[PDB]
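Before any questions on how it binds or moves, here is one chain, the form deposited in one PDB entry, in structure tokens.
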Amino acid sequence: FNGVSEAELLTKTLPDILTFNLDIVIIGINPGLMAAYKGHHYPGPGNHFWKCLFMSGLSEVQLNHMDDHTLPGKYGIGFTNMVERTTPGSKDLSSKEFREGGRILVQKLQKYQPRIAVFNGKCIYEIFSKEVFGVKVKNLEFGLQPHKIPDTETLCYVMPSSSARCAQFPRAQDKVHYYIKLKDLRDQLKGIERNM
């Protein structure tokens, strides 16, 4: 990566972009190599996140990884990952890393209390639900989940990973439905708050 070795990137971490009063917190798995390289969320060609954010209308213009720090103030969106350690792919992380991550994540969500905790990847919500709700399904679906983050009003919403690794949603177009339904959920929650 411009003369930077994989070994160097594996030591890097990606900072959280979290504030209070957010509508949405996008929760990824862990930083991939390009995210570690750039120091920004979801850069590069192997990820559909920024394209889906625009295609769904969650952003009115096409944004990129460099705009990520403007998302709390301008768009009401923040970022974190379940696991801090950078790896090329999510299958390089251990179960203990995921469960340590899950514990750290629930504390962050209980502190920041966004309207919606968005699990950018079904695999991480599978782990999270088992750890936090003590619930294992048989058969986990995408979209809105039936449990709130403990001691909060924060909802859980799951989308297929924005990574272009999965073949079941091969294009950014195949994932936009979930971003549109996330936008609708946010608007419904804002609509309820106005009506008390």
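Throughout, we count residues from 1 along the sequence that is shown.
Not on display, but discussed next: the form deposited with a small molecule bound.
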property: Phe128: touches the small molecule in the deposited bound form, heavy atom cutoff 4.5 angstroms; result: no
property: Proximity of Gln145 to the small molecule in the deposited bound form, heavy atoms at 4.5 Å; result: no
property: Proximity of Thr154 to the small molecule in the deposited bound form, heavy atoms at 4.5 Å; result: no
property: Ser56 within 4.5 Å of the small molecule in the deposited bound form, heavy atoms; result: no
property: Contact segment among 132-140, 40-48, 146-154, 59-67, judged by heavy atoms lying within 4.5 Å of the small molecule in the deposited bound form; result: 40-48
